[PDB]
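**Student:** Below is the structure I would like to discuss, written out as structure tokens.
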Amino acid sequence: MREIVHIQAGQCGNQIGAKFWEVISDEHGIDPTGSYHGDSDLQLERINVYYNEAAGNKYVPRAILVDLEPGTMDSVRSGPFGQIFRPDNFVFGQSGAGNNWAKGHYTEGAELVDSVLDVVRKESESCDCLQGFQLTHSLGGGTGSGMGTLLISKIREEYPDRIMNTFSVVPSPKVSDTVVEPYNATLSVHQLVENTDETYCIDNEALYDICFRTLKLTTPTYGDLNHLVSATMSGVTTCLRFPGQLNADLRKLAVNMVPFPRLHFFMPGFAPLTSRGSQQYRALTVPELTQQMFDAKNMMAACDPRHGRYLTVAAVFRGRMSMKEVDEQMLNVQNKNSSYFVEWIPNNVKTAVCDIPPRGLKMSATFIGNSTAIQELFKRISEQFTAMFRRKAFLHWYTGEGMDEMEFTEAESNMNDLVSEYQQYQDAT
Amino acid sequence: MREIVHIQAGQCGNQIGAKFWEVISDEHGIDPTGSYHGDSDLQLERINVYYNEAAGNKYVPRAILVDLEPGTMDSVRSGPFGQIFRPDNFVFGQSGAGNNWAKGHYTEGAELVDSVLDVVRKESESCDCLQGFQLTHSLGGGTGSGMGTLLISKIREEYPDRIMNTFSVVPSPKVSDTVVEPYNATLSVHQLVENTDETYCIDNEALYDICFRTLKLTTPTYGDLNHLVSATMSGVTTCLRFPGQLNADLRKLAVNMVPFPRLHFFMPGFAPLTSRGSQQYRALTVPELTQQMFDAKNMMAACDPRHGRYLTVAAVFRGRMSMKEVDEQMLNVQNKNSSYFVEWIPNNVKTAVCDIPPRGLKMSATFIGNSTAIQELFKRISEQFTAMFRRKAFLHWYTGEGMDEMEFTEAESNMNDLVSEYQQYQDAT
Amino acid sequence: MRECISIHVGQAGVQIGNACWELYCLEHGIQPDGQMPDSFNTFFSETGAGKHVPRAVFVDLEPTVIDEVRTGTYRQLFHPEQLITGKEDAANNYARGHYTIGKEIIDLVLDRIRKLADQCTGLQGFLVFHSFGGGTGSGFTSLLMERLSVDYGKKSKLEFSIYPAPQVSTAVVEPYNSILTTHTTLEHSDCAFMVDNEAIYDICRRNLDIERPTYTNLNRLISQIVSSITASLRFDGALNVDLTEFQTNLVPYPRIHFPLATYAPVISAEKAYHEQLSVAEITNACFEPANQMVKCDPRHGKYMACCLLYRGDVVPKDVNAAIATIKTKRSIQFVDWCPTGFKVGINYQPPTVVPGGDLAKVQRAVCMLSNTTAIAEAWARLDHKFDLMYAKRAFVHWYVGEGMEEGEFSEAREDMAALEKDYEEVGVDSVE
Amino acid sequence: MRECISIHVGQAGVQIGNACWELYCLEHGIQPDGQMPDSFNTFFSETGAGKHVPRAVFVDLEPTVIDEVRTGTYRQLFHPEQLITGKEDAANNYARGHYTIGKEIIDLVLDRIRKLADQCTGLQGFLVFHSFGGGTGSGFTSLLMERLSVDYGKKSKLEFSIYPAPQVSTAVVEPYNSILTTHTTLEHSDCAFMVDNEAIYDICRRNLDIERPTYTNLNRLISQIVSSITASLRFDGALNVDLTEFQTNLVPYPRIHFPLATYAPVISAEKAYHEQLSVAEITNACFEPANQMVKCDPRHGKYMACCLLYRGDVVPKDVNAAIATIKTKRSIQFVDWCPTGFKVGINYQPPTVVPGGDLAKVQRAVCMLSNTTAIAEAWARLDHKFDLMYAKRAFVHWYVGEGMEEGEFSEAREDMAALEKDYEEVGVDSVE
Ligand SMILES: CC(=O)O[C@H]1C(=O)[C@@]2(C)[C@H]([C@H](OC(=O)c3ccccc3)[C@]3(O)C[C@H](OC(=O)[C@H](O)[C@@H](NC(=O)c4ccccc4)c4ccccc4)C(C)=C1C3(C)C)[C@]1(OC(C)=O)CO[C@@H]1C[C@@H]2O
Ligand SMILES: CC(=O)O[C@H]1C(=O)[C@@]2(C)[C@H]([C@H](OC(=O)c3ccccc3)[C@]3(O)C[C@H](OC(=O)[C@H](O)[C@@H](NC(=O)c4ccccc4)c4ccccc4)C(C)=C1C3(C)C)[C@]1(OC(C)=O)CO[C@@H]1C[C@@H]2O
Ligand SMILES: Nc1nc2c(ncn2[C@@H]2O[C@H](COP(=O)(O)OP(=O)(O)OP(=O)(O)O)[C@@H](O)[C@H]2O)c(=O)[nH]1
Ligand SMILES: Nc1nc2c(ncn2[C@@H]2O[C@H](COP(=O)(O)OP(=O)(O)OP(=O)(O)O)[C@@H](O)[C@H]2O)c(=O)[nH]1
Ligand SMILES: Nc1nc2c(ncn2[C@@H]2O[C@H](COP(=O)(O)OP(=O)(O)O)[C@@H](O)[C@H]2O)c(=O)[nH]1
Ligand SMILES: Nc1nc2c(ncn2[C@@H]2O[C@H](COP(=O)(O)OP(=O)(O)O)[C@@H](O)[C@H]2O)c(=O)[nH]1
Ligand SMILES: [Mg+2]
Ligand SMILES: [Mg+2]
């Protein structure tokens with residue numbers, strides 16, 4: 001019951017999931033063959049949410065992998081935990097997006113989505129009582145923007161009751177990978193605000209800080225950066241796969257975090273994070289977890305929470321602990337930071353307690369914030385969008401795929417209306 | 001309860017603390033790993049004042065280490081008891097002070113203090129009921145003068161109720177290490193008189209006498225000189241960490257020793273001190289400790305107490321003893337030296353008795369004097385300051401960092417007002 | 001599965017392609033006999049037996065240099081129905097390359113390309129190697145780029161063109177051939193890359209300390225640039241790039257599609273020691289004007305977009321540090337309307353060293369593909385060379401006599417002048 | 001982490017730097033091949049492999065002495081992009097060092113320094129080794145000190161300058177070069193140190209009993225002074241010192257920044273016995289006028305400030321005894337306004353002995369850096385040498401003909417005379 005279908009899109013969304021399914025497998029004791037070799041009997045108690053039991057007592061992940069070229073798909077199936085996926089789910093094309101939103105959403109996305117939706121519907125029938133969908137993609141890329149938002153527009157037309165959330169990767173302030181990423185993000189945010197129940201904004205630039213300032217890694221790779229994103233994702237549905245004193249799931253967090261239907265962009269945070277040898281110089285208690293979830297250097301989105309105001313806060317705890325020591329810390333951060341919250345929402349902190357820690361640790365927590373400090377994320381993009389659209393540069397790669405200039409004006413109008421809403425409730429009281 | 005946060009600044013303040021935390025660790029049985037390997041159960045009874053208990057039953061010191069170059073910080077972390085400190089507390093810079101008060105307090109001190117106060121506040125929240133702060137630094141150096149007095153100006157704005165005391169190192173009469181130390185001391189005393197509850201003046205020159213005249217060491221090093229300063233510091237808070245017949249602490253000594261809020265400069269003394277082999281030719285009783293605390297060759301400040309008059313005297317005793325034999329000696333030194341005290345303060349001797357001696361000894365004492373004989377310390381500096389300021393030599397290293405000549409005149413006016421006060425109550429009656 | 005054929009036109013194309021396909025064999029362990037004792041599936045079509053052949057079409061109008069491949073060491077590697085020759089050369093003449101000689105064998109080459117296009121399913125694009133100065137590389141290439149946009153159209157047609165040097169010119173009619181071949185390829189090409197000879201003589205003297213370079217040593221450094229661009233198709237990388245992705249990120253306006261290449265580090269064998277060569281160290285050598293492979297001052301223009309191709313042991317975090325310092329310098333300046341001017345690619349494989357070569361074995365290298373407005377000063381010098389010779393109508397009777405209307409020069413010159421003022425439109429900033 | 005590069009200008013700079021970097025290898029066990037079978041992190045940048053290179057820039061206008069390092073024993077140690085040569089020497093001429101020849105290669109050396117400045121994060125300052133008599137060491141140094149104060153500014157730029165001897169002069173135009181190079185470096189330098197040749201001939205004869213010294217034996221004793229100043233950056237000490245701390249404690253007024261060096265003990269191998277050499281014994285040898293390395297009587301002036309650098313087995317208590325006796329003597333006298341005239345530094349490492357050298361192995365040594373007014377008598381003798389030759393306008397046509405206004409000599413001479421009366425302002429006492 002309450003099963004989750006996982007969809008991966010783009011180059012980044014595939015390499016997150018190749019790390020993500022390795023993370024979930026150690027929470028259930030799954031070899032790269034696909035059998036069960038755990039030790040605790042609570043691992044197979046709710047195994048059916050992310051896995052389908054096959055003949056011979058093997059378990060296969062409920063994952064769907066999308067690309068437009070066989071390059072990265074050949075890397076996943078040849079790497080470790082590539083022999084766990086069903087070979088039918090590898091859906092791919094031959095053209096390649098070319099890092100462009102137009103060819104990802106109009107030209108090649110339309111000729112691929114029917115091959116995908118025949119696989120999505122096959123996983124949708126097999127589930128007993130389907131909870132909802134989740135998606136891992138980019139916003140600066142060509143595939144994960146175009147093909148990603150196209151799948152969301154087809155799903156919501158079929159399953160309006162199911163929850164739809166994306167662990168998207170948002171572009172960075174200082175450096176930039178895609179040159180035309182102000183076009184790719186703006187035409188994708190216009191789709192995400194009308195079709196997603198909640199959205200996790202993640203910046204790579206905020207992840208480079210934690211790998212250097214906190215964990216003191218001299219040489220972090222993407223296998224280490226995408227490891228932290230997958231640790232946040234498992235900490236969201238950890239109260240759906242294990243019993244707890246106070247249980248939550250994807251639907252409870254979709255209600256307590258969204259006061260208005262357009263304001264559903266978040267910021268994720270994970271705790272505890274120390275160095276390798278520098279863990280013995282620090283106790284691991286509940287106020288040690290609370291003081292790390294609220295400083296600005298722990299957010300996975302490049303935005304300072306001290307500028308804006310929080311609307312709602314979801315704290316999802318793991319492991320054996322005590323409820324008063326939670327409420328000793330969850331109330332205290334609402335008293336001393338009394339101006340940094342919003343006033344007309346009393347007790348805007350949501351508590352979720354699971355019983356099972358991750359493998360090896362003693363306890364852990366997961367921060368799902370919702371603030372007006374992400375208006376700087378959109379004001380930085382909308383300034384870069386108008387600085388490029390007014391000269392009409394890089395536009396013949398969009399006009400040459402059947403796209404009028406009214407379509408750009410609608411996305412730019414939709415983004416500025418979103419900025420005005422977060423500007424309103426920041427100075428409101 | 002009643003915890004102490006320890007702050008170290010400058011080159012000298014770090015090398016004192018590297019000796020100091022080794023001294024405290026033998027009073028509690030702490031290996032260089034950081035665990036507990038004592039034998040008496042009174043060692044862990046008040047362990048929380050100088051230590052924080054970590055996971056795995058290890059204890060870490062509540063110490064904060066400040067420098068402007070990674071030189072001496074690399075020496076401490078690589079030496080013995082360098083593996084006991086938390087690696088997060090090592091706060092340092094890259095420029096280096098260059099032995100100058102201006103670049104220590106204006107230029108580089110302002111860009112470092114926010115990195116320090118985020119660590120001071122982190123130790124301030126973790127304490128249950130904070131007693132107060134202590135600081136170890138210099139007055140002739142560049143870092144410990146500039147960066148040291150800047151931290152005191154930020155702390156007193158936040159914690160006016162907490163006690164703030166400095167174990168400062170005062171320059172010597174005959175030899176001089178820093179050439180511009182009449183500028184560095186004068187601009188630092190101007191900060192210390194408005195922001196410190198009490199101040200321990202320590203001269204290196206007085207320590208060279210005791211290592212030669214008393215202990216008969218042919219070759220003393222700074223590891224032997226700074227060993228005596230740390231023995232005085234442990235003897236101050238020894239009545240806070242152990243029960244006694246008559247207990248004292250940092251707050252009782254801050255009241256009984258300070259009659260007027262500007263007159264809070266001291267002179268420390270420690271007893272007993274003998275040679276190595278010449279201890280068998282002398283009994284160790286209470287009148288043997290009393291006759292060594294009052295002669296001029298035991299003071300750790302280069303000043304003769306026979307010139308001025310004492311105001312108040314704190315005697316802090318350790319080990320099992322008897323109260324009458326204390327008062328047989330504490331009264332007798334107030335009868336035969338009846339002119340050397342002040343008249344309008346009756347019974348200006350404060351008694352403090354702890355139960356636990358140091359490791360190995362039988363009993364011990366600690367002398368905290370307060371006299372008008374330290375006016376010679378300021379008259380010697382203020383004569384050297386006016387002899388250098390009137391030619392305006394070495395001044396472009398201060399004017400080149402944004403400092404008007406009115407700032408020198410305010411410190412020189414503030415010091416002469418302090419000299420006139422100790423001149424007043426010496427000849428008063 | 002993502003195949004990409006390459007076309008080599010003229011003598012300049014073949015002699016570069018000799019060093020290129022020599023380098024591709026060593027990056028996969030391929031013997032010169034086609035054997036080896038599928039990552040390489042993009043550039044080699046496997047036979048029924050254990051033998052692999054290149055996906056290359058060597059075409060030239062003169063039979064000299066093609067027979068050297070037919071008789072040299074790499075003899076049993078190529079398909080002999082691909083080594084297309086001609087009777088006589090175009091002899092530094094656009095008219096003989098586009099009207100007289102080229103109209104005889106153009107239908108044969110298109111037959112050979114279309115047979116290679118059928119057996120490949122993920123055909124990305126074309127790679128044309130030629131030179132602006134030669135008769136074949138400017139005449140026959142301009143004929144060839146017409147037919148491919150008619151037939152294929154949706155394929156990424158790239159060019160590693162040899163730009164004519166500012167001061168060192170061999171053929172006298174190089175101001176004529178470069179104007180004529182640019183007016184033809186402007187409506188057909190996608191992203192043509194510029195490489196100059198004279199700057200490579202400056203690099204091989206100053207860095208490599210070789211005071212006697214040949215065309216062989218120039219073809220080694222050019223083949224490193226060809227290798228690093230096609231390195232993402234041949235090997236797995238942490239952040240890959242496709243040949244479709246170059247024409248999206250580097251071409252802002254449909255006329256201006258002339259970037260330039262830059263490779264680093266270029267050091268000798270004994271200078272491989274005495275320095276550590278970090279990713280922050282070799283990145284600043286790319287934006288140094290002394291290492292740019294076109295003789296143009298980059299501070300006279302503004303960078304529009306820049307591609308960075310890392311390969312070898314490259315940390316993704318320190319690339320972010322290295323790019324961030326370049327945006328803080330003041331000599332390097334971008335254009336006002338472009339806030340994001342970087343395209344970053346990381347591959348795992350280090351660049352190998354050809355035996356009997358001159359570069360040292362390193363662990364990392366950068367290929368920079370920068371599109372700047374600094375080339376607009378060089379086009380104006382080319383128009384100044386063209387207007388002097390054409391005003392006296394010199395060498396025109398060798399062009400009109402080979403089937404060409406004499407008024408066609410006014411078509412190409414005025415279009416180049418209209419191309420000249422387009423950079424002046426780009427060079428001004430925004431409004432408010 | 002506290003790095004500090006060094007610059008060696010001219011023939012006098014290189015031949016000193018040959019003995020200096022020979023000494024740094026033996027104080028860390030560094031092979032001449034850069035290997036060793038991070039305390040040394042200040043003066044050596046580690047490569048990717050196990051090899052360390054010096055942070056030095058050897059520059060000279062004549063190609064003789066630079067090629068000797070390129071062909072001698074220390075060959076595989078240096079980076080060959082650092083050994084900068086020139087076509088022709090300045091040939092004892094400030095004008096050729098500052099206008100004619102120096103303006104050709106000054107932009108190349110600043111490029112090499114700025115690349116070393118980027119890879120170092122805790123860059124403290126610069127160390128320039130030159131001589132006042134030479135054409136390069138006075139001309140090219142005066143050009144070099146201009147650019148570094150423009151670019152860097154906040155870095156401690158030091159000079160171990162070779163002061164011209166009172167009686168033993170080789171070049172005839174040494175009164176011209178010393179006046180011109182002082183007027184230029186006066187607004188750029190921080191603390192320039194003086195070392196004279198003729199006093200070292202007096203020390204090596206009287207103490208070492210060497211009646212035949214060469215420039216090699218002079219470069220050994222100078223390199224001991226270079227070692228003891230930079231000893232605090234390379235080793236842990238009980239009371240360290242930084243290169244920023246020298247310019248604070250030794251320079252009272254912004255014009256007067258010329259101290260002088262003194263090293264002790266200097267004794268032979270067989271005289272290493274027969275005496276104990278305590279810290280109170282070798283300290284009095286420093287303030288002896290016979291051991292001062294500038295031919296000036298210190299009793300004719302007054303000491304302003306003095307730096308003491310101890311190294312080896314040194315007791316901190318007995319240093320306090322040794323300084324206290326010197327303040328009680330009557331020949332040594334300080335200035336009235338300065339009550340505290342000592343800067344004390346103690347390091348643990350004893351000074352090592354180069355094999356094939358002439359100094360004996362001791363356990364302690366003192367480097368004294370004293371800034372006194374006794375040098376003001378020597379500057380007045382230099383102005384007396386200058387005014388005699390310039391009054392007949394001798395050798396002027398070799399200066400005006402190399403791009404220099406003839407009235408520029410009145411700028412430098414009057415500024416030196418204004419510098420001369422500044423010591424007369426210092427020499428008088430206070431009032432009441
Ligand atoms: C004795 C012990 O506990 O060692 C830890 C450890 O000490 C530390 C250093 C770990 C360690 O993580 C890293 O060093 C690291 C480096 C780069 C990127 C990400 C992680 C550890 O790898 C992490 C790893 O944690 C787990 O196994 C969790 O269950 C974790 N799973 C994985 O990391 C994992 C992934 C793939 C394959 C195997 C394990 C997890 C976290 C969240 C949600 C689900 C699972 C273990 C045991 C440790 C090490 C080895 C040092 C830390 O990370 C995690 C995720 O716990 C770093 O911050 C914590 C602090 C931990 O104390
Ligand atoms: C048999 C016996 O008792 O021997 C003593 C001893 O005889 C004498 C000589 C000791 C000894 O001290 C010295 O010799 C000394 C030399 C130079 C500088 C400082 C000290 C001793 O080291 C001192 C040391 O004292 C202690 O251990 C105290 O607990 C002391 N802790 C340390 O000195 C210490 C520091 C680091 C590592 C180990 C120990 C202490 C004092 C005050 C407050 C807290 C702690 C011991 C047992 C002795 C010796 C070894 C000779 C004396 O010192 C102290 C501090 O007690 C010198 O004057 C006293 C007289 C003592 O009788
Ligand atoms: N980079 C490079 N350029 C070369 C090389 N050989 C020749 N060139 C250049 O190519 C140009 C001459 O063009 P060619 O290729 O020989 O002439 P073509 O196009 O084959 O036509 P024909 O002259 O009719 O045979 C000049 O600019 C030469 O500098 C080489 O090995 N490398
Ligand atoms: N201390 C020291 N001084 C030296 C040495 N060799 C030469 N000198 C001095 O250097 C001066 C001569 O000038 P050079 O430095 O050789 O000349 P240059 O500045 O390099 O350039 P040119 O004059 O153009 O050749 C004289 O004062 C010499 O005493 C040496 O080994 N040690
Ligand atoms: N964190 C992370 N970001 C990545 C990774 N790979 C690519 N990206 C980011 O994804 C964006 C490029 O999207 P990409 O998926 O490669 O293009 P697409 O596949 O054509 O949509 C850039 O913002 C990259 O920084 C990865 O492994 N981890
Ligand atoms: N007792 C003692 N005094 C020291 C020590 N090190 C330095 N000093 C004194 O501290 C002063 C120099 O200060 P320093 O800390 O080195 O300078 P700063 O680090 O730049 O502030 C002088 O008066 C020295 O005598 C030491 O280990 N012990
Ligand atoms: Mg040809
Ligand atoms: Mg010379």
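Every chain in the structure tokens takes a letter, A first, then B, and so on in the order presented; its residues are numbered from 1, and the ligands are numbered from 1 following the presented order.
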May I have all residues of range 114-362 of chain C that DSSP, computed from the backbone, assigns to helix (DSSP H, G or I), given as a PyMOL selection string?
**Tutor:** chain C and resi 114-119+135-151+174-185+197-206+215-229+231-234+243-249+279-283+298-300+316-326
**Student:** Would you mind listing what lies within 8 Å of residue 243 in chain D as a ChimeraX atom specification, with only C-alpha atoms counted and same-chain residues fewer than 4 positions away left out?
**Tutor:** /B:98 /D:124-125,156,247
**Student:** With N, CA and C atoms retained, write the just-selected residues as a short mmCIF file (atom, residue, chain, number, x, y, z; two decimals), in the first residue's frame.
**Tutor:**
```
data_model
loop_
_atom_site.label_atom_id
_atom_site.label_comp_id
_atom_site.auth_asym_id
_atom_site.auth_seq_id
_atom_site.Cartn_x
_atom_site.Cartn_y
_atom_site.Cartn_z
N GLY B 98 52.16 41.45 12.49
CA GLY B 98 53.35 42.23 12.28
C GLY B 98 53.80 43.01 13.50
N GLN D 124 54.19 36.72 2.24
CA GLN D 124 54.57 37.80 3.14
C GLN D 124 55.25 38.95 2.40
N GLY D 125 56.39 38.68 1.78
CA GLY D 125 57.10 39.78 1.15
C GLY D 125 58.13 39.30 0.15
N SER D 156 55.97 43.25 2.30
CA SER D 156 57.21 43.68 2.93
C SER D 156 58.37 43.44 1.98
N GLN D 247 60.17 45.53 9.56
CA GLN D 247 59.92 46.90 9.15
C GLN D 247 59.16 47.70 10.19
#
```
**Student:** Identify, counting only C-alpha atoms and all ligand atoms, the protein, DNA and RNA residues located within 7 Å of ligand 8, and give them as a compact mmCIF listing (two decimals) with C-alpha atoms, in the first residue's frame.
**Tutor:**
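Result written to pocket_30.txt:
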```
# COMPACT_ATOMS: atom_id res chain seq x y z
CA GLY D 10 72.50 41.15 -11.48
CA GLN D 11 75.76 39.29 -11.11
CA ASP D 60 70.51 39.33 -15.24
CA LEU D 61 71.20 41.37 -18.35
CA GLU D 62 74.32 39.45 -19.38
CA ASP D 89 74.66 43.96 -19.88
CA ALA D 90 73.95 47.44 -18.55
CA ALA D 91 77.75 47.90 -18.23
CA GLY D 134 76.60 47.43 -10.81
CA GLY D 135 74.61 48.57 -13.79
CA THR D 136 71.93 45.90 -13.45
```
**Student:** Which residues form the shell of 8 Å around ligand 1 when you count only C-alpha atoms and all ligand atoms, given as a PyMOL selection string?
**Tutor:** chain A and resi 19+22-24+26-27+211+215+217+220+223-228+230-232+234-235+272-277+279+357-361
**Student:** What does the file look like for those residues with N, CA and C atoms, as a compact mmCIF listing (two decimals), in the first residue's frame?
**Tutor:**
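So part16.txt came out as:
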```
# COMPACT_ATOMS: atom_id res chain seq x y z
N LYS A 19 22.85 6.70 -7.74
CA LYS A 19 23.27 6.80 -6.36
C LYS A 19 22.10 6.58 -5.41
N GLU A 22 21.10 2.92 -4.71
CA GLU A 22 22.10 2.29 -3.85
C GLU A 22 21.89 2.68 -2.39
N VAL A 23 21.37 3.88 -2.14
CA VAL A 23 21.11 4.32 -0.78
C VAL A 23 19.92 3.58 -0.18
N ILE A 24 18.84 3.44 -0.95
CA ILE A 24 17.64 2.76 -0.47
C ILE A 24 17.92 1.28 -0.24
N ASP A 26 20.64 -0.19 0.86
CA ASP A 26 21.24 -0.43 2.16
C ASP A 26 20.27 -0.18 3.30
N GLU A 27 19.15 0.50 3.06
CA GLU A 27 18.12 0.58 4.09
C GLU A 27 17.21 -0.64 4.07
N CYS A 211 30.52 20.35 1.24
CA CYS A 211 31.58 19.38 1.01
C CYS A 211 32.95 19.95 1.34
N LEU A 215 32.38 19.18 5.68
CA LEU A 215 32.96 17.85 5.63
C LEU A 215 34.46 17.85 5.36
N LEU A 217 36.24 17.93 2.69
CA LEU A 217 36.74 17.09 1.61
C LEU A 217 37.52 17.95 0.64
N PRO A 220 35.98 16.57 -3.66
CA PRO A 220 34.65 15.97 -3.80
C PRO A 220 34.30 15.77 -5.27
N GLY A 223 29.81 11.88 -7.36
CA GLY A 223 29.42 10.76 -6.52
C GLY A 223 29.32 11.10 -5.05
N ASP A 224 29.98 12.18 -4.63
CA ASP A 224 29.87 12.66 -3.27
C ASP A 224 28.82 13.75 -3.13
N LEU A 225 28.63 14.58 -4.16
CA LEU A 225 27.59 15.60 -4.12
C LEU A 225 26.20 14.99 -4.22
N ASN A 226 25.98 14.12 -5.20
CA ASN A 226 24.68 13.49 -5.36
C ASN A 226 24.39 12.49 -4.25
N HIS A 227 25.38 12.14 -3.44
CA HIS A 227 25.14 11.33 -2.26
C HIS A 227 24.33 12.08 -1.21
N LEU A 228 24.52 13.40 -1.10
CA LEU A 228 23.77 14.16 -0.11
C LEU A 228 22.33 14.40 -0.54
N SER A 230 20.50 12.30 -2.31
CA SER A 230 19.80 11.04 -2.08
C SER A 230 19.55 10.80 -0.60
N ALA A 231 20.40 11.35 0.27
CA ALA A 231 20.17 11.22 1.71
C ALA A 231 18.99 12.06 2.16
N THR A 232 18.73 13.17 1.46
CA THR A 232 17.55 13.97 1.77
C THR A 232 16.29 13.26 1.30
N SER A 234 15.65 9.98 0.90
CA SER A 234 15.27 8.86 1.76
C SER A 234 14.71 9.35 3.08
N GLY A 235 15.17 10.50 3.57
CA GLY A 235 14.65 11.05 4.80
C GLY A 235 13.27 11.66 4.69
N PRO A 272 22.81 15.04 10.99
CA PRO A 272 24.08 15.72 11.26
C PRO A 272 25.12 15.51 10.16
N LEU A 273 26.04 16.46 10.03
CA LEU A 273 27.15 16.36 9.09
C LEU A 273 28.41 16.86 9.77
N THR A 274 29.39 15.97 9.94
CA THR A 274 30.67 16.30 10.54
C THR A 274 31.78 15.88 9.59
N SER A 275 33.02 15.98 10.07
CA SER A 275 34.14 15.44 9.33
C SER A 275 34.31 13.96 9.66
N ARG A 276 35.35 13.35 9.09
CA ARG A 276 35.59 11.94 9.33
C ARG A 276 36.16 11.71 10.72
N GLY A 277 37.33 12.28 11.00
CA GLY A 277 37.94 12.11 12.30
C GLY A 277 37.44 13.07 13.36
N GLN A 279 34.48 13.61 14.45
CA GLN A 279 33.21 13.25 15.07
C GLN A 279 33.35 12.92 16.55
N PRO A 357 16.97 4.63 12.49
CA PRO A 357 18.00 5.52 11.97
C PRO A 357 18.57 4.96 10.67
N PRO A 358 19.42 5.70 9.97
CA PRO A 358 20.17 5.10 8.86
C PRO A 358 21.18 4.08 9.36
N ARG A 359 21.74 3.34 8.41
CA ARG A 359 22.62 2.21 8.70
C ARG A 359 23.93 2.70 9.31
N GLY A 360 24.10 2.47 10.60
CA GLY A 360 25.33 2.84 11.27
C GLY A 360 25.18 3.99 12.24
N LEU A 361 24.36 4.98 11.88
CA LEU A 361 24.21 6.15 12.72
C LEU A 361 23.32 5.85 13.92
```
**Student:** Please, which residues of chain D lie no more than 9 Å from chain B when the count uses only C-alpha atoms, and can they be set out as a PyMOL selection string?
**Tutor:** chain D and resi 1-2+121-124+233+236+238-254+305-306+315-318+320-321+323-324+327+336-345+430
**Student:** Residues within 8 Å of residue 7 in chain B, please, as a PDB file with C-alpha atoms, in the first residue's frame. Count only C-alpha atoms; anything in the same chain fewer than 6 positions from it doesn't count.
**Tutor:**
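part23.pdb was written with the following content:
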```pdb
ATOM      1  CA  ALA B  63      38.876  26.540  24.756  1.00  0.00           C
ATOM      2  CA  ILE B  64      39.012  29.066  21.921  1.00  0.00           C
ATOM      3  CA  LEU B  65      42.329  29.730  20.199  1.00  0.00           C
ATOM      4  CA  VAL B  66      42.975  32.891  18.177  1.00  0.00           C
ATOM      5  CA  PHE B 133      35.089  34.283  30.733  1.00  0.00           C
ATOM      6  CA  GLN B 134      38.855  34.305  31.069  1.00  0.00           C
ATOM      7  CA  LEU B 135      41.519  35.411  28.619  1.00  0.00           C
ATOM      8  CA  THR B 136      45.244  34.785  28.203  1.00  0.00           C
TER       9      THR B 136
END
```
**Student:** Excluding range 264-267 of chain D and its own-chain neighbours fewer than 2 positions away, which residues fall within 6 Å of it when counting only C-alpha atoms? Please give them as an MDAnalysis selection string.
**Tutor:** chainID D and resid 207:208 365:366
